[PDB]
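To start, the structure under review is shown below, and the notes come after it.
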There are 2 protein chains.
Amino acid sequence: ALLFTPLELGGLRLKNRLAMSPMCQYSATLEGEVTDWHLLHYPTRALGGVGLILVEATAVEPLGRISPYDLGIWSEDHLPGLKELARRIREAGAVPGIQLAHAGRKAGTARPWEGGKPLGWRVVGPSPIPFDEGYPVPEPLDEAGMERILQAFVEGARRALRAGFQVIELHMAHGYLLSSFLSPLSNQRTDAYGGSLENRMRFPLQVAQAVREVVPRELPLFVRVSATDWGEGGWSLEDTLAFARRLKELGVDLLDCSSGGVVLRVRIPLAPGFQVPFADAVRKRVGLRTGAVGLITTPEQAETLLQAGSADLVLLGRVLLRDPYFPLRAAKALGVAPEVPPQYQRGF
Amino acid sequence: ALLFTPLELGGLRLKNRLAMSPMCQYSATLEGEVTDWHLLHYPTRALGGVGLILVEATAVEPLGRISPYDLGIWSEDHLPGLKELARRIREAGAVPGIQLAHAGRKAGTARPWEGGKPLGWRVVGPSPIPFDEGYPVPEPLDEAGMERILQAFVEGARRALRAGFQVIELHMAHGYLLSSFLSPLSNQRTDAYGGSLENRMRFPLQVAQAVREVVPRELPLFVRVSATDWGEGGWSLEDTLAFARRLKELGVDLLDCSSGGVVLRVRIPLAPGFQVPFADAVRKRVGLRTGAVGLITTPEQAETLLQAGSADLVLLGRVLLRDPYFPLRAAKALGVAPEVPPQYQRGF
Ligand SMILES: Cc1cc2nc3c(=O)[nH]c(=O)nc-3n(C[C@H](O)[C@H](O)[C@H](O)COP(=O)(O)O)c2cc1C
Ligand SMILES: Cc1cc2nc3c(=O)[nH]c(=O)nc-3n(C[C@H](O)[C@H](O)[C@H](O)COP(=O)(O)O)c2cc1C
Ligand SMILES: O=Cc1ccc(O)cc1
Ligand SMILES: O=Cc1ccc(O)cc1
């Protein structure tokens, strides 16, 4: 089974092709600290059998947070907690990765279960266009503000490596900051950072290159993207192919192919594996390795898309929230001897 | 659905009828201390939705351990650990229970995944018959040793309450000490503690009375029994009914109905629900509350044995090792809304 054949990326080898997708837990302290919630939540899935865990979106500056309880990585005082987190993940069998994030014009909303309303922070973005009815109007970054954010990703990456994380993902998807620079739905700038495809890719590619610089080649660098925003006149799969080419030229290791999030009022044809065609096109047409994500819930489904050459890595989100030992069941269903803790062998 | 209706036990409410059955982890320190393993293993199932967790067999004296790495409760220094386990379990949503134990003539074996061989301890028993070939001949207890063992159970019961457990279960099943006193297969005593059914019940019922005395009446005392030994001439269902009657008279609140274990070479008719008939017989003929356990893996199975009045409580073992969030899924299966952690809401 390809699902449980090791994968080479950078200079490391994942034990299998299943990854835990980044998933915001809104359970950090107001200072962005790791809490007991993360220390239970993540190593459970590591024991569960994924080769890699990508820790949820972690804000590279305070105003880059989604909620006031996001993980943050903007301070060296985040190190002890992040270190302990990576350590407990590796102890339970998985490679610890982390997604570095900046929430752009969508910064500052309550936790989903606290209503999730905007908190009205002073949020930044490409253009002064609110995300939707009732969001604050983003402040448009100038070149100085972009350099400061770019430097926060760089130090965030340095900090993640020092914490012992081995895979870094840059969040350039879902209408957060770097996503919103790519899409012409959110980015209507008339300077050298909007209009043309190159102008819109500029800042995101600068971040990728600046982070590639401080992440040694043996350590894989992912970039997650919305391969389409699903809007008319929006960012399309073809734009994604152009972007992947540039990323591949910068030495980026894998493109984690998501979609949507840039604006709210589009129709998104949800179905199992609906974003798989995006991982498949990039992979086959650009030669950049891809991660597939979106309604992947079945071992046979994961296997099949790998057998098809659609992706190199299968990322799982919601199924690992409800079924955190999924990957041990998966192995068994694909005729593979699952990696069970000896304490649990009588159960499998 | 009855599976998800509260169960009232004296002063105590279990929010549902699912309980995690006791399952030795063999992952304590040599001194019987709770470790990081228990702190991860147990709260996981608690978040998984179960109303009661019974912590694995916890030896009341060192010689009463199965392995060198069982939990123990023979010392005041066991309390910080035990107290933190219960606390984490409670915090994740379950009532914390604990199984108090003495391995008796099956005491002192290596961890299963290290060959499970006898270790040469001075194990005790009602009579000098070794468990099986390879196994030591136990020392028959005298009146001094029975009284010491009794007081260990009482003080273990007191310590457990101090650590914040609310359900106490006395392990009198599976060929361990109290169970071996019941069965004439292993109890061939010729004093007031062997021979007749009255004599064999004698030490076990002393232990129960004595523990009953120190557990506040608002808190449930459980006893687990092998309802048969599957052995010719052995302890039968009939015997269990007699014993059950006596326990009910004592103020025992529930019989947790297991079977077998007394000797190695017996034919046990394994099947889904195979021990359900014993929980059913005791409940309906004795009027004593029961817990069903044994190859229960399905929500519809769990609901049904309850609808039939077969048991009051459903205990899950192995299915919770490989599927820790079974109870959340069992809810949706039975048309009830899962009690999901809000971090997990979008996954359900
Ligand atoms: C509660 C929740 C939190 C999420 N947090 C993030 C985030 O941290 N970063 C990100 O790129 N995607 C995030 N996502 C998207 C998932 O990582 C995943 O791409 C998406 O849910 C589709 O995959 P799935 O169907 O397996 O869940 C989140 C989704 C959910 C359900
Ligand atoms: C690894 C393991 C450890 C167990 N430890 C105990 C023990 O602590 N005390 C006990 O009474 N039963 C113990 N059991 C038996 C279970 O608690 C349960 O009664 C039995 O496995 C049948 O239930 P199940 O089919 O749901 O697993 C253990 C079983 C296993 C698999
Ligand atoms: O919690 C929802 C969420 C979705 C996508 C993200 O990138 C981050 C958060
Ligand atoms: O480890 C297996 C085990 C089974 C039943 C018990 O009662 C105790 C331990």
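Numbering of ligands and ligand atoms starts at 1, following listing order. Numbered from 1 within each chain, the chains take letters A, B, ... in sequence-line order.
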Would you call the rings of A:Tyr344 and A:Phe348 parallel, tilted or perpendicular, taking 30° and 60° as the class edges? parallel

- Message: Parallel, tilted or perpendicular: which one describes the rings of B:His102 and B:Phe153, with boundaries at 30° and 60°?
- Response: tilted

For this session: Would you please classify the geometry between the B:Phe131 ring and the B:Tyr135 ring as parallel, tilted or perpendicular, with 30° and 60° separating the classes?
Result: perpendicular

Quick note on ligand 3: atoms under 4.0 Å from a heavy atom of A:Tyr26 include exactly 1 (O), 2 (C), 9 (C)

Can you check whether A:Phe278 and A:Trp235 have ring centres sitting under 6.0 Å from each other? no

### Message
With a sphere of 6.0 Å drawn around NZ of B:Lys117, does it hold more than 12 non-hydrogen atoms of other residues, nucleotides or ligands?
### Response
no

Checklist entry - A:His41 vs A:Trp37 aromatic rings, parallel, tilted or perpendicular, using cut-offs 30° and 60°? => result parallel

Atoms of ligand 4 under 4.0 Å from any heavy atom of B:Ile66, numbered from 1 in the order shown, are 8 (C), 9 (C)

Output for ligand 1, non-hydrogen cut-off under 4.0 Å, lists A:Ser21, A:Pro22, A:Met23, A:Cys24, A:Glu56, A:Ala57, A:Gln99, A:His171, A:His174, A:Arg224, A:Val293, A:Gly294, A:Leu295, A:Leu316, A:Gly317, A:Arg318, B:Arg346

Is it the case that the side chains of B:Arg224 and B:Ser21 hold a donor-acceptor pair, with the cut-off being a distance below 3.5 Å and no angle test?
yes

Among non-hydrogen protein atoms, atom 8 (C) of ligand 3 lies closest to A:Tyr176 OH, 3.4 Å

The atoms of ligand 4 lying under 4.0 Å from a heavy atom of B:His171, numbered in the order shown, are 6 (C), 7 (O)

Indicate the ring-plane relationship of A:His171 and A:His174, choosing parallel, tilted or perpendicular according to the 30° and 60° boundaries. perpendicular

If you scan protein heavy atoms around atom 5 (C) of ligand 4, the nearest is B:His174 ND1, 3.3 Å

| said: So that I can tick it off, tell me whether B:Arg265 and B:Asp132 are bridged by a salt bridge, with the cut-off set at under 4.0 angstrom between side-chain N and carboxylate O. | reply: yes

Under 4.0 Å between heavy atoms, the region of A:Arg346 that gets near ligand 4 turns out to be side chain

